[PDB]
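Novice: All I have is the shape, not the residue letters:
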């Protein structure tokens, strides 16, 4: 829907204090969404007779 | 039909900023003024000639 | 981090405070902004050495500058940094070093450029180098750098007059 | 609104009255247009401070200016706005501030440019910035601006000689 | 000779000569063109990890 | 002020063909001194012999250099979006265009852009006192 | 007088093809130093060999840069209107054209316009003392 | 920051079509003041008439002048290698390209090189606050 | 050294097609400031749509302006002889070419000559520490 929000990146160095940030950890958040496939169809069949 | 069409068209101006003392618009602002609105109304009116209006 | 008055260029005091003072410890501060290096020129020489001045040379434009018309505005500035240092005289072997002798400037140039590039990368402000000159006067040596800034300019913010909410059309005959 | 002598340019009194006086309250008026900024330097230095002068530099042409021939005519006007301000000294901590020290011009520039933009948008007259220079003299600091106007010129409103209603068409052999 | 040996070259600008009593002054003017670079620096860290929470 | 030349405002209102998003009118400022240009009459005359000409159908165009707005994807200024634009000069003239389409876009460097727009018709509003409809 | 080069007047009389409206002669002034140009002979000569040129039919033309009159729609200076024009030089010459048609109009920026007119004939009036009809 | 124009980083990741060797993202610096250029929208519009246009496939392109890296064979900066590149401007924009192919290379002098890259798609990352996906 | 741009040597070894004569390597010096140029990748990429490209065969080329050696016939610098060449830049690079052929020779004035050479392959030798074969 909006690529600029559905994926966010987080690094270990954002929160922990001075030098506590351990070397080489980064957090990734991604919002999956399955590809839609057809599932069900409703049919309304309306017969009539020749006319006019 | 003309009334409903025009009313639908004008709707897009709702909530739009306006400047009248000094017509310069700062860069990046969303807005307009009297002259621009008049011009756009004239454009829309000219478009529909022949379907609803006789040529002015 | 710091707080900048402007978003895309630095006033001379900001330079003297954040680029010159923290880089040269030899100067116990004394990075003094001034109106112009063409100065009283007497009290200028009396400041304790070493010290460095920062002063505008001329404001200028680098292209179109038509104020008011809805077009970009390209201002430009020329400011110069001038240092002042003593002279060392180590008098080796029953002989003194001459009152004039090669004085190392390359190290000063390198240090200044490195600090400038570091800051520019950190915040996104860059300078244009223009020239370098050196001269001596008895005890003191004058080293003069000329720089230049390019930046856009914008007008202050403003308040709208009103907003639309509805419209009374007539549709006469 | 105001009433302008011309429809596309401002005479120096008009600037001194409508761009300088209403913006800088520090000047209790005292935005005096003068013939030339080099004129009578003495009396020109005795007016009460602060004050600002407006004076023509020179008038020339930005293109073709052949008078009479039925082509456009372009003209230029170089004028300079020069201010005068005192120095503020506040003696913090048993130590006076030096007679020469950095003086804030950026605020003056911003205020002036904003006023010029406002007026230009309001009426439709625009200026070209040229350069800015600053220097100090004892108690007073001279901030000097240079500007330029571009405009067309037209001739006065002449009156016809007659009108046409007739025909002879003799149509000889 | 030196330039061939190490790879540094100069630009010649002009030659001027003048005399003064006993001594003669010969003044050469030269010029150098070269690139400049910034001092070396140390990385902040290295990378080895991954979380990829993969929310709904 | 019928005796000065310059641009006073520029507005643009993007629309996305595929998704149908809309971005309300946004001001813009020019990158250099070049002004826009126009061509309103929709017919094109080709020369023949003895003063005859071949009158044929053709588009009405506009050329419009603008500094990019830092909030809109660059792709929208090129052929990926549908455009509506206006210009107001000092002397009071106003030029209005709608349903424009960009053509043969040239490469841009990320801040300055030139757009070549064509449309079925461009409308011009004169200052007060016109001598014709 | 006899030994000065320059333009002295320019008149134009627009007619609208589709509606028949007319606007009486209106003066005009040039945007820059470039003077108009001309070609009055209707025929054209190709080379061939041994001086055996080939004569054929062509059009009288005229090139006329003029600053727009603020009261006339811009379109009328392009393919949308029929044009009549005149020029008076200082020395006394007068170039008259009628039923002109504008061709392949280049884009204009709203104040300076260049017109390429073609017509079946252009008549030149000389100062007194001409040596030919 | 926002109101300044310039390039801030450039990265490249060569891949060799035949051997399959890879060289990790290496920085680069520019030879002169010319900035890169882009063209991201993957479609092209032709004129036609009455405002219509013909819409077609086209590509996404990039132009990228960079100073050679003394450790990489010159040939790899021409049509012998597959390229992945990125650019970061001062204001925060980032332009990413992948599996580019260098096309119609022009001769080079060994230190300055210009590449014309085309790719199926180019992605733009705007600074915070964008108004569209 | 590593950060200076310039040429350091040029060698050439002429062979005569019709007679088989040979002239051992002879140094040369440039007529002006223009450096040689190169293109080493043999293939050429044309641009299709959607990022595809048509790959085909081409020739390595070199461009070499040199001041004539006063002892060699001028013809041998033009299409009458087979050429082998080398270049050594300051930083250490070395460009080697063999069995080149001269093409479409432009007129020379007897002292400064420009050669457009084409050959099957050109091999580049890098300074120490290369990242690829």
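Specialist: Noted; the coordinates are in hand. Numbers count the residues shown, from 1 in each chain, chains lettered A, B, ... in the order given.
Novice: From now on I want contacts and neighbour counts done on CA atoms only, so please keep to that.
Specialist: Will do.
Novice: residues in contact with whichever residue of chain A sits closest to chain H?
Specialist: Closest to chain H within chain A is residue A:2: 5.2 Å, counting by Cα to the nearest Cα. Residue A:2 is in contact with H:132-133, counting by Cα atoms under 8 Å, 6 or more residues apart in numbering or on different chains.
Novice: Equivalent analysis for residue C:166, please.
Specialist: Counting by Cα under 8 Å, 6+ apart, residue C:166 has contacts residue B:14.
Novice: so which strand or helix has it?
Specialist: Residue C:166 belongs to no helix or strand when assigned by DSSP states H and E.
Novice: quick one on the thing from earlier: the residue of chain A closest to chain H and chain G: what is the separation?
Specialist: 40 Å (Cα to the nearest Cα, to the nearest Å).
Novice: Residue C:103 too?
Specialist: 59 Å.
Novice: how many neighbours does that residue have?
Specialist: Neighbourhood size, residue C:103 [other Cα atoms under 10 Å in any protein chain shown]: 11.
Novice: mind checking how far it is from residue E:4?
Specialist: Separation of residue C:103 from residue E:4 (Cα to Cα, to the nearest Å): 29 Å.
Novice: Same check on residue B:1?
Specialist: Using Cα to Cα, residue B:1 is found at 89 Å from residue E:4.
Novice: Residue C:81 too?
Specialist: In this structure, residue C:81 and residue E:4 are 38 Å apart, going by Cα to Cα.
Novice: ok, now residue C:138?
Specialist: Distance of residue C:138 to residue E:4, given as Cα to Cα: 41 Å.
Novice: And the strands in the chain?
Specialist: As the question left the chain open, I've gone with chain A. A:7-11, A:26-30 (DSSP state E).
Novice: should've been chain B
Specialist: B:17-18, B:31-32.
Novice: okay if I get those strands as TSV plus mean neighbour count?
Specialist: Shown next, in TSV, are the strands of chain B (neighbours: other Cα atoms under 10 Å in any protein chain shown):
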stretch	mean neighbour count
strand B:17-18	18
strand B:31-32	22
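Novice: Please, which helix or strand holds the closest residue to residue C:33 other than its chain neighbours?
Specialist: Using Cα to Cα, 6 or more residues apart in numbering or on different chains and skipping residues adjacent in sequence, the residue nearest residue C:33 is residue C:54, 4.5 Å away. Using DSSP H and E, residue C:54 sits within strand C:52-61.
Novice: Which elements pack onto that strand?
Specialist: helix C:12-15, strand C:31-34, strand C:74-82, strand D:127-137 (3 or more Cα pairs under 8 Å, 6 or more residues apart in numbering or on different chains; DSSP states H and E).
Novice: Go through those and name the closest to residue F:65.
Specialist: strand C:74-82 (17.2 Å; Cα to Cα).
Novice: so the helix or strand following that closest one versus strand C:128-137, what angle?
Specialist: Next helix or strand after strand C:74-82 toward the C-terminus (DSSP H and E): helix C:106-123. Put simply, helix C:106-123 runs at 150 degrees to strand C:128-137, going by axes from the mean of the first three to the mean of the last three Cα atoms, to 10 degrees.
Novice: Would you mark the buried spots in helix C:106-123?
Specialist: For helix C:106-123, the neighbour count (16 or more other Cα atoms under 10 Å in any protein chain shown) marks C:112-116 as buried.
Novice: So what pairs up with residue B:31 in the strands?
Specialist: Beta-bridge pairing for residue B:31 (DSSP bridges): residue B:17.
Novice: That one and chain G: what is the separation?
Specialist: 25 Å.
Novice: for residue C:107, same thing?
Specialist: With distances taken as Cα to the nearest Cα, residue C:107 is found 55 Å from chain G.
Novice: Could you provide the strands of chain B in JSON lines, with additional columns for distance to residue F:90?
Specialist: Shown next, in JSON lines, are the strands of chain B (distance: least, Cα to Cα, whole Å):
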{"stretch": "strand B:17-18", "distance to residue F:90": "18"}
{"stretch": "strand B:31-32", "distance to residue F:90": "16"}
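Novice: So which bits of chain B are right by chain D?
Specialist: B:21-24 (Cα under 8 Å from any Cα of the partner chain).
Novice: between those, which is nearest chain H?
Specialist: Nearest to chain H among those, with distances taken as Cα to the nearest Cα, is residue B:24, at 20.9 Å.
Novice: residues contacting the closest one?
Specialist: Here residue B:24 is in contact with D:121-122, F:8-9 (Cα under 8 Å, 6+ apart).
Novice: Please apply the same query to residue A:6.
Specialist: A:29-31 are the contacts of residue A:6 under Cα under 8 Å, 6+ apart.
Novice: Could you rerun that using 10 Å?
Specialist: Counting by Cα atoms under 10 Å, 6 or more residues apart in numbering or on different chains, residue A:6 makes contact with A:29-32, E:55.
Novice: Kindly give a single PyMOL line that selects the buried subset of those residues.
Specialist: Buried members of the contacts of residue A:6, defined by 16+ other Cα under 10 Å, are picked up in PyMOL with:
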select buried, chain A and resi 29+30
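Novice: hmm, which two among the contacts of residue A:6 are most spread apart?
Specialist: A:29 and A:32 (9.7 Å).
Novice: so what sits against both of these two?
Specialist: A:6-7, E:54-55.
Novice: Tell me where chain F has helices.
Specialist: Here chain F has its helices, by DSSP state H, at F:74-77.
Novice: again with chain A
Specialist: Ranges of helices within chain A are A:3-6, based on DSSP H.
Novice: what residues does it put near chain D?
Specialist: Contacts of chain A with chain D, taken as Cα under 10 Å from any Cα of the partner chain, are absent.
Novice: which residues does the residue in chain A positioned nearest to chain E contact?
Specialist: Residue nearest to chain E within chain A: residue A:24 (4.1 Å; Cα to the nearest Cα). With contacts defined as Cα under 10 Å, 6+ apart, the neighbours of residue A:24 are A:11-13, E:45-50.
Novice: and which of these is nearest residue G:38?
Specialist: residue A:11 (74.5 Å).
Novice: Contacts only, for the closest one.
Specialist: A:21, A:24-28.
Novice: Against chain H, how distant is the nearest residue in space to residue B:55 that is not next to it in sequence?
Specialist: Leaving aside its sequence neighbours, residue B:55 sits nearest to residue B:49 (Cα to Cα, 6+ apart; 5.7 Å). If you measure residue B:49 against chain H using Cα to the nearest Cα, the figure is 17 Å.
Novice: and residue F:67, how far is that from chain D?
Specialist: Between residue F:67 and chain D the computed distance is 20 Å (Cα to the nearest Cα).
Novice: Near that residue, how many other residues are there?
Specialist: Neighbours of residue F:67 using other Cα under 10 Å come to 17.
Novice: how far away is it from residue D:164?
Specialist: 55 Å.
Novice: Repeat that for residue B:24.
Specialist: Taking Cα to Cα, one finds residue B:24 at 47 Å from residue D:164.
Novice: Dump the helices and strands packed on strand C:52-61 into TSV; add distance to residue I:53 as well.
Specialist: As requested, the helices and strands packed on strand C:52-61 are exported to TSV (distance: least, Cα to Cα, whole Å):
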stretch	distance to residue I:53
helix C:12-15	52
strand C:31-34	60
strand C:74-82	43
strand D:127-137	51
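Novice: What parts of chain F come near chain C?
Specialist: Checking chain F against chain C by Cα under 10 Å from any Cα, the hits are F:5-10, F:27-35, F:66-67, F:89-90.
Novice: what sits against the residue nearest to residue C:33?
Specialist: By Cα under 10 Å, 6+ apart, the neighbours of residue C:54 are C:12-13, C:15-16, C:20, C:31-37, C:79-83, C:145, D:102.
Novice: that older thread, using CSV, lay out the strands of chain A together with distance to residue G:44.
Specialist: Formatted as CSV, the strands of chain A follow (distance: least, Cα to Cα, whole Å):
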stretch, distance to residue G:44
strand A:7-11, 72
strand A:26-30, 75
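Novice: looking at those, which is buried most?
Specialist: For the strands of chain A, the largest average neighbour count (mean count of other Cα atoms under 10 Å in any protein chain shown) is found in strand A:26-30, namely a mean of 15.
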